[PDB]
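Start at 1 and go down the list; that is how both ligands and their atoms are numbered. Lettering follows sequence order; numbering is per chain, from 1.
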Amino acid sequence: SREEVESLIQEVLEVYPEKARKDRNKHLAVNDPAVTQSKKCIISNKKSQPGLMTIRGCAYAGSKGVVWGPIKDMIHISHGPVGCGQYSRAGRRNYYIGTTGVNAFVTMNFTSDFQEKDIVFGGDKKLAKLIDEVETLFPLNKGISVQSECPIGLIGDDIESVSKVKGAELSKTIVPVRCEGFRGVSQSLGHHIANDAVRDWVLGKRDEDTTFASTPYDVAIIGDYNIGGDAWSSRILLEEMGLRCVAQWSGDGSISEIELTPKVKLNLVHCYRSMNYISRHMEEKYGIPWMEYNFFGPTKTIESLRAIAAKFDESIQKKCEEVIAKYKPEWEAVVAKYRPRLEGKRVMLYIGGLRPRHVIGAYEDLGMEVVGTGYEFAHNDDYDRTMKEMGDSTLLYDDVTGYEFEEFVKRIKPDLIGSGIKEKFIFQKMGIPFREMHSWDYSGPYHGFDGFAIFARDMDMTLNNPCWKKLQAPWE
Amino acid sequence: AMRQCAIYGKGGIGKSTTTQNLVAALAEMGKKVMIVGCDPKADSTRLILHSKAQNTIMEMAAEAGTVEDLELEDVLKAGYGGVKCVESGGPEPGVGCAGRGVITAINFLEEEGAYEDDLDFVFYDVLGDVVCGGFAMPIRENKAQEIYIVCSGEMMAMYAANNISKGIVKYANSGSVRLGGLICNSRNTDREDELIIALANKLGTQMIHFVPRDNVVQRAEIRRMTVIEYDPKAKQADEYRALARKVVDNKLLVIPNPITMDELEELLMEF
Amino acid sequence: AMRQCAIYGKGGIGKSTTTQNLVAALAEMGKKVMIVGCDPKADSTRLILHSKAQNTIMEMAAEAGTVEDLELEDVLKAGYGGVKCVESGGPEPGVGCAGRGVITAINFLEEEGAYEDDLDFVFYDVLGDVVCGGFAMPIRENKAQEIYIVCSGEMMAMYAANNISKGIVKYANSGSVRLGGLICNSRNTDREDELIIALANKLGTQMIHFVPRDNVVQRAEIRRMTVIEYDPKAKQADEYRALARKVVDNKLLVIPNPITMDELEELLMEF
Amino acid sequence: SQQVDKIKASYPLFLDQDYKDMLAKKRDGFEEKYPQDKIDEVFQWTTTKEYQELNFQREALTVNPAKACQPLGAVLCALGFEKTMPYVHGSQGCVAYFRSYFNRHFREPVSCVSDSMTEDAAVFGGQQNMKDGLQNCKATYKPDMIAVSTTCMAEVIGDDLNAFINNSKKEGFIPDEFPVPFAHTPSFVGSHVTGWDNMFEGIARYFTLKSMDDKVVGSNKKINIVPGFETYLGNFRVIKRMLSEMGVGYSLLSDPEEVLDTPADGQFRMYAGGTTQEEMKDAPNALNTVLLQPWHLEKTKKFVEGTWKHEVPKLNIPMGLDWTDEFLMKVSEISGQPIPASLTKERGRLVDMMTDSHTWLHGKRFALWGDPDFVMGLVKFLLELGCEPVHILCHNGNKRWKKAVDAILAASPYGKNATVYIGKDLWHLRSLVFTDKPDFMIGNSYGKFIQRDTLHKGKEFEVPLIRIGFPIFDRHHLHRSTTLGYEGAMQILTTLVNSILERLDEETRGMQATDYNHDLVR
Ligand SMILES: Nc1ncnc2c1ncn2[C@@H]1O[C@H](COP(=O)(O)OP(=O)(O)OP(=O)(O)O)[C@@H](O)[C@H]1O
Ligand SMILES: Nc1ncnc2c1ncn2[C@@H]1O[C@H](COP(=O)(O)OP(=O)(O)OP(=O)(O)O)[C@@H](O)[C@H]1O
Ligand code: ICS
Ligand code: CLF
Ligand code: SF4
Ligand SMILES: [Fe+3]
Ligand SMILES: [Mg+2]
Ligand SMILES: [Mg+2]
């Protein structure tokens, strides 16, 4: 009931001091799908209250860890002290194909290893020497990206001058990114900075080149980062429809795909939150239209496939119909096997910018009801999008705190929680099944028809695991 | 066709006062000019605006949550003769980071385009003690192209100008920022003009002007006004107008040549 | 018995000059004193040491890898009268971060055992424009206990003093740091003394002394020699002795309270 | 296509033909990927010794380091005290990364907070940030103590933690008697172990510096134990067990055992166990303090000797046989209690195991890396086993540690082919294991890629990894292990011998080719 949810929110917020309670009262809402303007119900994109155990990251995570990191042919330098690159090394399963250490460098950690002399006296000369060493030790790289950390932004190093000079001298593309963590409030400004860097330094290099042959069925996936192979599972469907995909942004993506993107006919954007800026810039500068699509679950995938096919001629529409006809029995069998064991169970979600609303349709396809969802750093537009996908009288939390999420789970009592590693063991100790929704719990892919089966199997294996019937000792 | 000049020098040598009187003189003859004060204590626009407290970029950004939510109109303030005034702002002394303040303020002025296609001059009044890259913000690429150092015939200003030239030489080699001249504010000790000319020749630059120590400016600073706003028939007003004319008519831009402390010994043992 | 004092004010007022001559006078009286220079320009101990600079902590720490392997006697040298001199140093202007250098140098001095030499006075020479907490390190806990501000009869000097007091009140309520006095340098301006004592007795502080503008000081720094050494028989070189006597005897440690400029404006109608 | 009977995850679903053709088409059409022969010859060049010479000339580039930053160790130290909250003054991304790192290693909830300082806080300072953060943390999570560390952002700008905390107490945000110890943990100095040392020194200072007027050394008949940066719960367990078997009264300061080992019984516990504040205030009254990892507990040693007036023994880490004996004998001398027959019998069992396994352990070559104390303990234990350490790497080591390990190597005959490297990363170790092949590697999960590298050159050049150290990410429940004491030596011996035997079994599994040496009894 709506009144019950409101009373729960008030009881939860009763423990905070005055200013923190006033701030947090605006980040908790009860859903009403009839509302098209979520700013009248929820407030987003604001600084987190101090000392409340937020689960948000920094702009460095949004730039190096999200956007630039998956690009395999580049070498990414974590300019600054040692901690950031080490904590961000291989922690995200942005899958790629390549010979690591020779032509692919996604899982490797390049850093300047800042010391105190580099803070007091600077690090421009050290950065130039590092560029020389990178070139001499990894000759097969196709570019360098210098991701800034907090001290680099504080002490005012001129990484742009070093990038320009060494790019002129070595005939290589060096992209300086000012992704210092104290900038912004979360990873979203990291996304913005990374997209601006791509626009300024990489995108417009084949602007006066006509070597590429452009079929009238050229598409580019923007915002798919191949988490466990999701981008490949979407690309197989895209090509089966008859479409030629030139670029993948940025999971398993090369530099050449990025530079060939301005030649495509359609921009299929999966993660609007992280790539909407570059999509709009491409639409303004090159006139390439961009459309959003969802490949979570069979219903959403079929709808998205029909939507993409509607923008091409009749041959692509016929191939799309053939693709749905071919993949129908597989997902029907998946549903027949797994929906009976997952019918009626309730799911609470807390993920970052996109997945809290994208994976909902997959849950409804398995007879699952999402009783509460929320974002880490999404803006109000994402909330406008998600209010029409969530049911009536459902909790919505933005930048939830550990206490708030704990109390919400204690009162609501969902059958399953999908969130990150920073809350997995907390809820696993409360006897509640948990699924890692950032890393697919080291499983996947979940995109597409091939990934729907894995998604159903994983939800079954976690929700129905016998280990949840043994937490209470028989003598207690 | 918009020219960008930075005003550097030692602390207390008269950067802000001379800069504001110079831009007032420039507005007198009728070119639109902007002032950007990179001083955390926010005194670079006091005389033009006739106000003690204004809305700096950082306090307004703190009120508005983030710098991304700031509006140029809330921080851009006109003054005498259409001169536009903006203050970087910063913390009270002893806390935080002034240099990051200048960095963020200049980045904001560059992303939210503040250099409209109407300005003939943009001055950057920089802090006296540049101790980090943030205070070297005004003199990077796509930024101030001319640098003027304010000095005087004392060991203080000579040594400080030499160190400031040492700092500039790296940006001059990396970029295209040059020394356009040296302004000396007289302390009336002895043989000031000859010593300033000697140091300028040693570095490779010119003495832009000699502005004598006139108490009238102090009186003007009593009521938050420039000398131009005071009785314009005063001699110092004509001196500032002549300085503005010479600044408009400047051609010589060189890469400065820093000198060793022994050269300063030789120069000191010359008068 | 080890009194720790820090000299603040506006840039260009004459901190270093006043601190060095005062330390020389104190050493002449017979008090062992150590100067710590927190200015990257590295000139706070040039008159005592009769040289520009020997070895700064940050230069030596960078040349030797890290400050952990550095030794005390390597960076610190004794000058006239046993004045035990060390200097933080830092980068050339426009690059790096000098505040972190000051932080590291002070931490190094504390951990190595610099303040355990039965010293009587420890004097911190800090730059006028305190732009970060690194330059507020000398006024942290267990650091300098008395702060003396040097300012002349100037509008911005008296405004820089107020801003410094605004910075001080943060450190004065969380420790034992108190504003020990108000040293007044001169500009040979009319009725300077009375206005300065008006500020002193309207701020709750006391005016310690008023040092006249004598050309001998500028005639002694050319020979990198203190006025005490240049000529201990003039009208000056005894003004600094009087200032030293009144510094050893000062017992008024009063938390400052910033004043309003409008009311301060009334003092100009007095002079 | 997926079969509902046997669903395939990424491996091997991306090995089917259609996915292979899709990948090949994308590669040949849009990557402009280098020709394969170029890749093979570049990889071969990376495996040579000219590449090693170029690699070891690096001065500004660090590739795949083997260390972290100070606030991680500060958080680990703060987690070892009763109802204590690790507060980090700075950016929230740092706390997120620390929490994710420790969650992936320990597979346990890790509680840490930040004031989430932003750009305006960078410009203006974090005074209001810390006031609000301390009030919010105390109100919401109800800790008995808040231990404050710093990020590099706050350390560059000179944030005065002392003044900020005193102002927060004065203005009423927290009670005056609420303990808020702090430590400055710059990430551009040292590593995570340095942060642990600084946090412990800060807590000890806060609890003891101003109350050393009524403290007499040896009044409470106890020995303080400082474990340092430890990521094996079994180490705390074995230390406490051995001290209790001797009957020695002890106070294990910074005991994170319980908070990292909470049961799954239906409720979530933010705080569990931990060193109590009464144990910290009574620490100077102990007989003596023993540091288990002295090579990163330097500031702590200086403080203990200069303030608590405890003559800290010069003992290495109690690892292996000889150093465990020295630790037990020194504890017996300090406390006056004899070593019981149980520990003598355990030592006999360890010696029996070494006697049993010496045939398979003798002459094997190892390339190892990790923390200073742990690495030197491994070197000593391997020398006692007859093994030959050939590549010893410590990214966060110093010259003095290099000299100590060189002396240890020179004492033994099994250290004639041993080189010790300080300041080198895992790319240097990759070059070393390619140019001077050891039998095995000993390190954390980051070494797995090196193993992969070797397997790309050939099956005969493969260097298997043995996972001992921090962090271990691709194996479950290895943080339960023990490395200290006789139990730890037994565990390490079993792991090494079984790894050698497993490698031999893999090498001899070829029918009609190498199965003549596939012996049932080894
Ligand atoms: N020509 C002049 N005659 C008299 N006083 C002057 C003259 N020029 C400047 N001053 C005075 O010198 C003092 C310092 O000048 P100003 O405020 O311009 O210094 P600044 O170098 O810009 O400041 P800072 O280096 O501290 O940032 C003020 O009291 C000012 O009024
Ligand atoms: N009482 C005085 N009479 C005459 N000249 C003086 C007097 N005091 C100082 N001077 C001169 O003024 C200069 C003092 O500048 P000094 O470097 O000491 O100032 P400061 O306050 O340290 O400046 P900053 O903070 O910018 O480094 C010297 O050239 C010195 O000879
Ligand atoms: S990029 Fe974003 S937090 Fe859109 S920063 Fe984050 S691999 Fe999440 S909800 Mo981790 S806006 Fe991707 C995301 Fe979504 S790292 Fe992944 S799962 S779809
Ligand atoms: S918010 Fe983000 S992760 Fe934090 S530092 Fe800043 S860019 Fe980086 Fe880095 S080394 Fe350690 S983890 Fe920090 S204290 Fe600095
Ligand atoms: S020296 Fe400059 S960059 Fe460093 S803390 Fe101070 S203001 Fe910031
Ligand atoms: Fe667990
Ligand atoms: Mg000024
Ligand atoms: Mg000085």
Side-chain angles (χ1 to χ4, degrees), chain A residues 57-65 78-88 111 113-114 119-120 147-156 179-184 187 190 424-425 428-429, chain B residues 40 90-91 95-103 127 129-136, chain C residues 40 90-91 96-103 129-136, chain D residues 68-72 74 88 90-98 101 103 106-109 114 116-117 122-123 149-159 185-188 192 195 260-264 476-477 479-480:
Chain A
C58 67
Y60 175 82
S63 169
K64 181 256 174 187
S78 294
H79 200 24
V82 67
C84 318
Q86 190 85 340
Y87 304 140
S88 59
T111 170
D113 214 45
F114 252 58
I119 304 271
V120 181
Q147 325 276 351
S148 287
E149 301 166 2
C150 307
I152 306 298
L154 282 183
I155 72 187
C179 54
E180 311 113 7
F182 60 87
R183 271 185 86 188
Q187 296 107 300
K424 160 157 158 137
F425 315 109
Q428 271 186 12
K429 276 167 193 293
Chain B
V95 85
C97 196
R100 185 54 222 206
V102 172
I103 288 164
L127 175 90
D129 301 334
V130 37
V131 293
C132 40
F135 305 131
Chain C
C97 173
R100 192 56 212 187
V102 171
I103 293 171
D129 284 279
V130 192
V131 289
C132 39
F135 302 136
Chain D
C69 58
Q70 292 201 31
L72 187 82
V88 188
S91 321
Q92 55 197 6
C94 307
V95 165
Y97 274 142
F98 307 152
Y101 220 57
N103 275 140
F106 291 110
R107 297 184 207 282
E108 218 71 11
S114 49
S116 291
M117 293 160 57
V123 181
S149 43
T150 44
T151 52
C152 46
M153 188 219 165
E155 277 285 280
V156 165
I157 71 172
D159 257 7
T185 64
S187 84
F188 35 87
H192 50 289
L260 299 174
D261 221 36
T262 38
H476 286 37
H477 320 306
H479 70 290
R480 315 229 75 144

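- Using a 4.5 Å heavy-atom threshold, the side chains of A:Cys150 and D:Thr151 count as separate.
- Panel note: side chain A:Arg183, backbone A:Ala59; no donor-acceptor pair is recorded below 3.5 Å.
- Within the model, atoms NE2 of D:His192 and CZ of D:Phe98 stand 12.0 Å from one another, a figure rounded to the nearest 0.5 Å.
- Every atom of ligand 5 with a heavy atom of B:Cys97 under 4.0 Å away is listed here by number and element: 3 (S), 5 (S), 7 (S), 8 (Fe).
- Closest protein heavy atom to atom 2 (Fe) of ligand 5: B:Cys132 SG, 2.2 Å.
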Steps toward side-chain hydrogen bond (donor to acceptor under 3.5 Å, both in side chains) verdict (A:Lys64, A:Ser88): CA-CA 8 Å; A:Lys64 181 256 174 187; A:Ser88 59; 2.7 Å; yes
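- Applying the 4.0 Å criterion to heavy atoms of A:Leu154 picks out, from ligand 5, the atoms 3 (S).
- Close approach to A:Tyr87 involves these atoms of ligand 4, each under 4.0 Å from a residue heavy atom: 12 (S).
- For the residue pair D:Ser91 and A:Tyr60, no side-chain donor N or O sits within less than 3.5 Å of a side-chain acceptor on the partner.
- Side chains of D:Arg107 and D:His476: a donor-acceptor N/O pair is present below 3.5 angstrom, by distance only.
- Distance check for A:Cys150 against atom 2 (Fe) of ligand 4: none of its N/O/S atoms falls below 2.8 Å.
- Taking the Fe ion (ligand 6) as reference, the nearest N/O/S atom within D:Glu108 carries the name OE1.
- Here the heavy atom of the protein found nearest to atom 9 (Fe) of ligand 4 is A:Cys84 SG, 2.3 Å.
- Protein heavy atom in closest approach to atom 2 (Fe) of ligand 4: A:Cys58 SG, 2.2 Å.
- Within the 4.0 Å heavy-atom cutoff, B:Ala98 counts among the residues contacting ligand 5.
- Nearest protein heavy-atom neighbour of atom 13 (Fe) of ligand 4: D:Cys94 SG, 2.4 Å.
- At a threshold of 4.5 Å between non-hydrogen side-chain atoms, the residues A:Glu180 and A:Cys58 do not count as touching.
- The closest protein non-hydrogen atom to atom 11 (Fe) of ligand 4 is D:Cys69 SG, 2.3 Å.
- Looking only at side-chain heavy atoms (C-beta outward), A:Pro81 and A:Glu149 come within less than 4.5 Å of each other.
- Less than 4.0 angstrom separates some heavy atom of A:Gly83 from each of these atoms of ligand 4: 10 (S).
- Side-chain contact check for D:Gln92 and D:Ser116: at least one donor-acceptor pair (N or O, by modelled atom type) lies under 3.5 Å.
- If you check which protein heavy atom lies closest to atom 3 (S) of ligand 4, you get D:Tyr97 CD1, 3.3 Å.
- Near C:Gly99, with a cut-off below 4.0 Å to any heavy atom, the atoms of ligand 5 are 1 (S).
- Nearest protein heavy-atom contact of atom 1 (S) of ligand 4 is D:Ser91 CB, 3.3 Å.
- Atom 15 (Fe) of ligand 4 has as its closest protein heavy atom D:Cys152 SG, 2.3 Å.
- Counting only heavy atoms from C-beta outward, the side chains of D:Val156 and C:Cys97 approach each other to under 4.5 Å.
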